[PDB]
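Engineer: I have a structure here, written as C-alpha cells, and I will follow up with some questions on it.
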Ligand SMILES: *[C@@H]1O[C@H](CO)[C@@H](O[C@@H]2O[C@H](CO)[C@@H](O)[C@H](O)[C@H]2NC(C)=O)[C@H](O)[C@H]1NC(C)=O
Ligand SMILES: *[C@@H]1O[C@H](CO)[C@@H](O[C@@H]2O[C@H](CO)[C@@H](O)[C@H](O)[C@H]2NC(C)=O)[C@H](O)[C@H]1NC(C)=O
Ligand SMILES: *[C@@H]1O[C@H](CO)[C@@H](O[C@@H]2O[C@H](CO)[C@@H](O)[C@H](O)[C@H]2NC(C)=O)[C@H](O)[C@H]1NC(C)=O
Ligand SMILES: *[C@@H]1O[C@H](CO)[C@@H](O[C@@H]2O[C@H](CO)[C@@H](O)[C@H](O)[C@H]2NC(C)=O)[C@H](O)[C@H]1NC(C)=O
Ligand SMILES: *[C@@H]1O[C@H](CO)[C@@H](O[C@@H]2O[C@H](CO)[C@@H](O)[C@H](O)[C@H]2NC(C)=O)[C@H](O)[C@H]1NC(C)=O
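Shown next as C-alpha cells:
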C-alpha cells in the first residue's frame with residue numbers, strides 16, 4: 704500500500720506539472736505548425752515570417768503582464784483608466800449641455 | 654499489453670537459499686529512443702525499499718518548490734530591496750524609511766483590495782460596464798467634434 | 554543466494570538478474586561536497602564519485618550506493634537540512650560527511666563492531682540534541698538520518 | 202554560579218565587527234535562570250526565556266529589535282584512552298584532555314587550545330540552579346571557551362591504569378584451519394572469521410601482571426569442565442594469536458575421545474615396528516577424513532551466518548529501535564547515519580504519570596487528524 | 001589511513017624567517033579537521054581549533070601565522086623574526102573527530 708500510494712503521488716505531480724507547463728502559446732504554435740505542413744514549401748516562406756509576428760505579440764503581452772504584477776504598474780493603469788473615464792464623462796456632459804442650445 | 658501465459662515449470666527455480674551453476678549475462682539496457690526527447694520515464698520494475706525512500710525524498714523536495722512558488726510574494730521581494738536601500742543611508746535613511754514603508758504598505762493594500770473585489774462576478778461585471786460606458790462616451794464625443802470641425 | 558555480486562530487479566512476481574562488473578578501489582575518487590549549485594534548496598542524498606574501469610581509461614562521473622555499488626545517474630536528491638552527519642561505506646572503510654561536505658575516511662577497524670546477535674558492556678550517553686539556531690528563525694528542517702519504515 | 206542570573210546583553214559579530222545586543226532593547230539587567238519544562242531527570246537545563254517553544258515565534262522575534270536568551274545545560278561527556286579528547290552528548294568533540302589543568306601532574310596532558318581560552322578555578326563551590334544552595338565541599342572546576350559555547354567540568358586526578366585487554370567472548374566451539382600460510386578461526390557463536398599468521402604471540406613478555414593469562418586459563422577450564430570433561434581431551438598448553446582487526450585469541454586445541462583412540466592405536470603399531504601434541508597432524512590417513520568432516524561443519528556455519536545476517540541487516544533498516552533494543556538487552560534509541568548506527572539510552576517513565584487526551588481531531592484545520600494519540 | 005608529508009624545515013640566522021608545511025593525502029581533508037597545528041618538543050605552538058578559529062603560544066603571538074589551502078589540501082606555518090629560543094623539533098598534527106595523525110618531526114635551527 705505504501706508503494707501503491709508513492710506511485711499515485713508521482714502521477715499527481717505529473718498532472719500538476721503539465722497544468723503549469725502546458726502554455727496556451729504552445730497550443731497556438733502547434734496549430735500554426737499543422738496549418739503550414741499542409742501548405743507545403745510555398746507556405747514555409749510565409750510560416751517563418753508570421754511566426755515572428757506572433758512571437759512579437761506574445762512578447763508584448765508577457766511584457767504587459769510582467770509590468771501589471773508590480774504595485775506601481777497596477778496603480779498606474781488604474782489612474783489612467785479613471786482619468787480617461789472622467790474626461791469622457793465630463794466631455795459628454797459638456798456636449799449634452801450645448802446640444803439643446 | 655497482455656502477451657501470453659507461462660506454466661510455473663517454464664522458469665528456472667532458484668533451488669534453495671544457497672545455490673550455484675546459474676547462467677547470467679551482463680545486461681545492457683538499450684534505452685528506447687523517446688526517453689531522450691519526450692522525457693519518457695524508463696521502466697524500473699517494482700520499487701525496492703531504497704527506491705521508495707528515494708522517491709519520498711524527491712516528493713518533499715517538489716512540495717518545497719511548489720510551496721516556495723506560492724509564498725514567494727513579489728511584494729516581499731520589493732520590501733527586501735527597499736529595506737537594504739534605506740539601511741545603507743544610516744539614521745537619515747531610517748527616518749524616511751519608516752514613513753515610506755507605510756506609504757508603499759498603503760499602495761499594496763489598495764491593489765490587493767481591488768484584485769480581491771475583481772474575483773467576485775458582480776465586481777468583474779461592474780468594471781466591464783464602466784469601461785464600455787467610457788469608451789462609448791468618448792467615441793460619441795469624438796464623432797461630435799468631427800461633425801463640428803467641418804462647419 | 555548466488556555467492557557473488559549480482560544486480561537484481563523484481564519484474565512483478567519474478568526476479569531478473571545480471572552480473573555486476575568490479576572496479577578497483579584506487580580507481581575511485583570522491584567529490585568534496587553534496588551541495589547542488591543550480592538549486593539552493595536541494596542537496597544530493599548520497600555522495601558523488603568519479604572513477605575509471607581501467608587505470609588508463611576515460612573518467613566516468615557517478616554517485617555512490619549501498620555496499621560499494623556505483624550508480625551512473627547522479628539522481629538521489631534531498632531537500633537540504635541542518636545538522637547533517639553521515640558515514641557511507643567506501644571500500645573496506647567509510648567516508649564521513651558533515652553538513653554536506655566531505656571530511657575524512659575511516660578504516661573499518663575504527664568503529665566498535667556490535668557482537669553478532671547479543672552484546673553487553675557497551676557504553677552510551679543520554680544524547681542531547683543541541684539544535685541549530687536556524688531551526689527556530691528560518692525554520693529549516695533538522696537532519697533525522699535515514700528513514701525508518703515508520 | 203554566584204546568583205543564578207545572566208546580564209541580558211551579549212557581544213556578537215556581524216559585518217566583521219563587534220556589536221552589543223540587549224534583551225528587548227532595554228538596559229543591562231540580571232535576568233533569572235528558570236528550569237526548562239522539557240528537562241529530563243538527568244540532562245537538566247535552564248533558560249532566561251521560553252519564546253522558542255511557544256507558537257507565533259516569528260512574530261515574537263519581530264516584536265522587538267533584539268532578543269537574547271541565556272542557556273545553561275547539563276550533559277554527559279565521554280573520553281577514551283589515551284584521553285586526549287572528549288565528546289559531549291551533543292555530538293561535539295573537544296580537543297583537550299579532560300584531565301588537563303595547572304596542577305603538577307596535569308599540565309603535561311594534551312590540549313589544542315591556547316591558555317587564553319582555558320581557566321581552572323580552585324576552591325569552587327557549586328550552586329544548584331533549581332535549589333538555590335551552595336555545595337558542602339569545594340572542587341577544582343575546569344572552564345573552556347569554544348567559539349560556540351563555554352563548557353565546564355569538575356577536574357579529578359587521572360585514574361590508575363588497567364589491563365590492556367578485556368574478555369570479549371567465551372567460545373565453546375572454535376575450529377582452527379591452516380590455509381594460504383595463515384590460520385583461520387571460525388565458530389557458530391560468532392559470525393566473524395579471524396585470520397592470523399602461523400606464529401604464536403609471545404604474550405608472557407608483555408602481560409607481566411598475568412592479567413590476560415589468568416582470565417584465559419580460568420575461562421577455558423570452566424568451559425572444559427562444564428561441556429567436555431567426559432567427551433574430549435586437551436592436547437596441550439593454551440596458544441595466543443593476534444588476529445587481523447586487532448583481537449587477541451587464546452586457543453586450546455581438543456581431540457574427541459573417539460578420535461584420540463586412532464592416534465593411540467597408530468602409536469602402538471609404530472612402537473611395535501603418549502604426547503598428542505607431537506602426533507596431531509603426522510598421520511595423513513587419520514587427518515584426511517577429519518579435514519573433510521570439520522570442513523563441512525565450518526561451511527555449514529558460514530551458510531547459516533550469511534542467511535541470518537542478511538535478514539537481520541534488512542530488519543534494522545526498517546526498525547532500528549527494536550533491533551538495537553534486543554541486541555543490547557535494554558531499550559535504546561537508534562538512528563541510521565548512512566551505513567552505521569548511532570545509539571542513545573531512552574529514559575523510563577512510570578505508567579501512572581501518563582495521561583491520554585480524549586480526541587485525535589485537529590480544530591485548527593478540519594481536514595486533518597493525528598494518526599497516533601496525544602498524551603501528557 | 002591518512003599520511004602527512006611534512007616539509008620546509010631547515011636552518012637560519014637570528015631575525016630570519018621560514019615557512020613550514022604539511023600536505024595530506026585525500027583520505028583526510030585538512031579544512032574540515034577539528035584541530036590542526038604544530039607542537040614543539047610536547048607543547049603547542051600554533052593551531053586551528055575550529056574551521057575558522059586560530060590559537061598560538063604567548064611567545065609566538067605576532068611572530069607566526071598559520072593558514073590553510075583546501076585546493077592543495079595543505080597547511081602552512083609562516084614564521085618570522087626567529088630567535089635562538091625558537092629552536093627545536095616541530096611536529097605537525099591533524100585530527101578529525103577522534104581519528105588522530107602525527108607527522109615525522111622536523112628540526113629548526115637558529
Ligand atoms: C558447475 O558444477 C560443477 C560440478 O558439477 C562445478 O565443478 C567443480 O568446480 C570446483 C571449483 O573450480 C572444483 O574444485 C571441482 O573439482 C569441480 N568438480 C568437478 C566434479 O569437476 C562448477 O564449479 C560449477 N560452476 C559454476 C560456475 O557454478
Ligand atoms: C561488564 O562485564 C562484567 C564482567 O567482566 C559483568 O559483571 C558481572 O555482573 C553480574 C551482575 O551484577 C554479576 O552477577 C557477576 O558476578 C559479574 N561478573 C564478574 C566476573 O564479576 C557486568 O555485568 C557487565 N556490565 C554491563 C553493564 O554489561
Ligand atoms: C573431569 O574428568 C576426570 C576424568 O578424566 C574426573 O576424574 C574423577 O575425579 C574424582 C575426584 O578426584 C575421582 O574420585 C574419580 O576416580 C575420577 N574419575 C576417573 C575416571 O579417574 C573429574 O571428576 C572431572 N571433573 C569435573 C569437574 O567433572
Ligand atoms: C604477519 O606477517 C606479515 C609478513 O608476512 C607481517 O606484515 C608486515 O607488517 C609490518 C608492520 O605493519 C610492515 O612494516 C611490513 O611492511 C609488513 N610486511 C609485508 C610483507 O607486508 C604482519 O605484521 C604479521 N602480523 C602478525 C600479527 O604477526
Ligand atoms: C600441518 O601441521 C604439521 C605439523 O604438525 C606440518 O608439518 C611440519 O612441516 C614443517 C615444514 O615442512 C616441517 O619442518 C616439520 O618437520 C613438520 N612436522 C611434522 C611433525 O611432520 C604441516 O606442514 C602442516 N600442513 C600444511 C598444509 O603445511
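Residue numbers (PDB author numbering), protein chains in the order written: chain C, 704 to 804; chain B, 654 to 804; chain L, 554 to 703; chain Y, 202 to 474, 501 to 603; chain D, 1 to 41, 47 to 115. Ideal placement from N, C-alpha and C gives every residue a C-beta, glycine not left out.
1) Report the neighbours of residue 713 of chain C on chain B: residues whose CB is nearer than 8 Å to its CB, in chain order.
2) DSSP three-state call for residue 762 of chain C: helix, strand or coil?
3) State yes or no: is the beta carbon of residue 680 of chain B nearer than 8 Å to at least one beta carbon in chain L?
4) Output yes or no for whether 8 Å exceeds the beta carbon distance between residue 388 of chain Y and residue 372 of chain Y.
5) Can you find the residues in the same chain that come closer than 6 Å, C-beta to C-beta, to residue 561 of chain L, ignoring five residues on each side of it along the sequence?
6) Is DSSP giving residue 565 of chain Y helix, strand or coil here?
7) Could you tell me whether the region 355-363 of chain Y touches the region 395-411 of chain Y, where touching means 3 or more Cβ pairs closer than 8 Å?
8) Unbroken beta strand (DSSP E) runs of length 3 or more, entirely within the region 516-572 of chain Y: which are they?
9) Spell out whether any CB of chain B is found under 8 Å from the CB atom of residue 263 of chain Y.
10) Looking only at its own chain, which residues have a Cβ that is under 6 Å from the Cβ of residue 639 of chain L, when we skip the five neighbours before and after it?
11) Which residues, in order along the region 283-294 of chain Y, keep a beta-carbon less than 8 Å from a beta-carbon of chain D?
12) Contact criterion: CB-CB distance below 8 Å. Does residue 688 of chain L meet it with respect to chain B?
13) So with CB distances below 7 Å, who are the chain Y contacts of residue 701 of chain L?
14) Assign residue 366 of chain Y to buried or exposed, taking buried as 16 or more other Cβ atoms, counted over all protein chains shown, within 10 Å of its Cβ.
15) Hey, would you say the C-beta of residue 398 of chain Y is under 7 Å away from at least one heavy atom of ligand 4?
16) So, for residue 107 of chain D: in the same chain, excluding its five sequence neighbours on each side, which residues have a beta-carbon less than 7 Å away from its beta-carbon?
17) Confirm, please, whether the CB-CB distance from residue 559 of chain L to residue 573 of chain L is below 8 Å.
18) Name, going along the chain, the residues of the region 628-640 of chain L whose beta-carbon falls closer than 9 Å to a beta-carbon of chain Y.
19) In this structure, does DSSP put residue 80 of chain D in helix, strand or coil?
20) What in chain B is Cβ-close to residue 772 of chain C, meaning under 9 Å?
21) Distance, Cα to Cα, residue 91 of chain D vs residue 77 of chain D?
22) Which residues of chain B have a Cβ atom closer than 9 Å to the Cβ of residue 778 of chain C, listed in chain order?
23) What residues of chain L sit near residue 274 of chain Y, judged by a beta carbon separation below 9 Å?
24) Taking 8 Å as the threshold (beta carbon to beta carbon), is residue 524 of chain L in contact with chain B?
25) Can you find a heavy atom of ligand 4 that lies under 7 Å from the Cβ of residue 443 of chain Y?
26) Could you work out which residues of chain F lie near residue 571 of chain Y, taking near to mean beta carbons separated by less than 8 Å?
27) Is there a C-beta anywhere in chain L that falls below 8 Å from the one on residue 670 of chain B?
28) Closer than 7 Å by beta-carbon distance: list the chain B residues that pair up with residue 530 of chain Y, in chain order.
29) Starting from residue 580 of chain Y and walking both ways along the alpha helix (DSSP H), at which residues does that stretch end?
30) Would you mind telling me which residues of chain L sit closer than 8 Å to residue 370 of chain Y, beta carbon to beta carbon, in chain order?
31) Using DSSP bridges, identify the partner residues of residue 770 of chain B.
32) Are the CB atoms of residue 708 of chain B and residue 709 of chain C nearer to each other than 8 Å?
33) Consider the C-beta atom of residue 507 of chain Y and the heavy atoms of ligand 5; say whether any pair is separated by less than 7 Å.
34) Are the region 309-323 of chain Y and the region 341-354 of chain Y in contact at 8 Å, needing three or more beta carbon pairs?
35) Give a yes or no on whether the minimum CB-CB distance between residue 603 of chain L and chain D is below 8 Å.
36) Which residue wins for smallest C-alpha separation from residue 522 of chain Y, given the options Y:298, Y:376, Y:221?
Structural biologist: Well, looking at it:
1) 708, 712
2) helix
3) yes
4) yes
5) 568, 570
6) strand
7) no
8) 559-563, 568-572
9) no
10) 650
11) 285, 286, 288, 294
12) no
13) 545, 546, 547
14) exposed
15) yes
16) 96, 98
17) yes
18) 636, 638, 639, 640
19) strand
20) 727
21) 28 Å
22) 760, 763, 764
23) 681, 683
24) No answer is possible for residue 524 of chain L: it lies beyond the span of chain L, which begins at 554 and ends at 703.
25) yes
26) Absence of chain F from the displayed structure is noted, the protein chains being C, B, L, Y and D.
27) yes
28) 671
29) Looking at the DSSP string, residue 580 of chain Y is not in any alpha helix (DSSP H), and its letter there is neither H nor E.
30) 668
31) DSSP, once it has assigned bridges, lists no residue as partnering residue 770 of chain B.
32) yes
33) yes
34) yes
35) no
36) Y:376
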